[PDB]
Amino acid sequence: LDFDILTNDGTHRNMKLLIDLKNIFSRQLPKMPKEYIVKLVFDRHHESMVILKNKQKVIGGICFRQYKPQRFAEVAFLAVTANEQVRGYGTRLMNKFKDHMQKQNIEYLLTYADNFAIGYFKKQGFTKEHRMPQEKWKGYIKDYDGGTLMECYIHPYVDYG
Amino acid sequence: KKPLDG
Ligand SMILES: CC(C)(COP(=O)(O)OP(=O)(O)OC[C@H]1O[C@@H](n2cnc3c(N)ncnc32)[C@H](O)[C@@H]1OP(=O)(O)O)[C@@H](O)C(=O)NCCC(=O)NCCS
């Protein structure tokens, strides 16, 4: 059970894992155009941290994009495969993600959420009220009126993990 | 992050 960063480096090994992850995303996020998930998962700007069981099996993951200069990252997709849910993996993944983001000198996590997800992200520490200057993400993160923008502050020395 | 009533 490892939580590794996975990126499109063009190798058969990583590529397969990214596809497996992409397939989990689509099955777990039916309202999302599959081709859209594909585009973000394999683009130059996005990265994926995956939950790997004994070295060759993706059971979950989180695809995100860092805006280094700005020191914030947007969560694009998050999911755990059906037969592995309710085992605490999704929470350990988020914890692992925040710890990694902290080491990456990232100050805030932003993610759009809707319906049930808002409550889920509140449990992970995300809030509707942003302490981060709005003009910091404006122009980098698309502004959608139909979605609730949520943020999680990553304190430099709070232990997430 | 589509999650509509998931
Ligand atoms: C959100 C998600 C990653 C959580 O992963 P997980 O491995 O199941 O997470 P955890 O078990 O650690 O989650 C803990 C909570 O989720 C609830 N949960 C997750 N899947 C569930 C299911 N199928 N049935 C009932 N409860 C479920 C747990 O009951 C628990 O409630 P609590 O926080 O009050 O104790 C997973 O449900 C998923 O892939 N969902 C579909 C995709 C999605 O909506 N992603 C986020 C938005 S893009």
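Note: hydrogens, waters and symmetry copies are ignored here, and every other heavy atom, side chains too, is used. Read the numbers this way: they start at 1 and go in the same order the structure lists the ligands and their atoms. In the text below, chain A, chain B and the rest are named by the order of the sequence lines, each starting its count at 1.
Taking every heavy atom of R87(A) and a limit of under 4.0 angstrom, the matching atoms of ligand 1 come to 11 (O). Set against the non-hydrogen atoms of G88(A), the atoms of ligand 1 under 4.0 Å away are 11 (O), 12 (O). Close approach of ligand 1 to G90(A) is summarised as follows: ligand atoms under 4.0 Å from at least one heavy atom of the residue are 5 (O), 6 (P), 7 (O), 9 (O), 12 (O). Every atom of ligand 1 with a heavy atom of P3(B) under 4.0 Å away is listed here by number and element: 44 (O), 47 (C), 48 (S). Close contacts of ligand 1 with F116(A), meaning ligand atoms under 4.0 Å from a residue heavy atom, involve 44 (O).
Looking at heavy atoms from C-beta onward, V75(A) lies in side-chain contact with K1(B) at the 4.5 angstrom threshold. Considering only heavy atoms from C-beta on, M132(A) comes within 4.5 Å of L110(A) through its side chain.
Geometrically, ligand 1 and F77(A) share no nitrogen or oxygen pair separated by less than 3.5 Å.
Exactly one of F77(A), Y144(A), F126(A), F121(A) qualifies for a ring pair (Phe, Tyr, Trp, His ring centres under 6.0 Å) with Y112(A). That residue is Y144(A).
Closest heavy-atom approach to atom 18 (N) of ligand 1 among the candidates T91(A), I118(A), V86(A), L78(A): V86(A). For atom 33 (O) of ligand 1, the nearest non-hydrogen atom from the set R92(A), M32(A), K123(A) belongs to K123(A).
Ion pair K39(A)/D43(A) not flagged as a salt bridge, since none of the NZ, NE, NH1 or NH2 atoms sits closer than 4.0 Å to an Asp/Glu carboxylate oxygen.
Less than 4.0 angstrom separates atom 3 (C) of ligand 1 from at least one non-hydrogen atom of the protein.
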Original post:
Are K53(A) and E84(A) close enough, and set up right, to give a salt bridge (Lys or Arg N to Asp or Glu O under 4.0 Å), and what steps lead you there?
Top reply: CA-CA 11 Å; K53(A) 286 212 161 178; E84(A) 295 286 23; 3.3 Å; yes

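The single protein non-hydrogen atom nearest to atom 36 (C) of ligand 1 is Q85(A) OE1, 3.7 Å, given as residue, atom name and distance.
Annotation: cation-pi pair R92(A)/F3(A) absent, no NZ/CZ under 6.0 Å from the ring centroid and within 45° of its normal.
Across all their heavy atoms, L18(A) and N8(A) have their closest contact at CD2-N, 4.3 Å.
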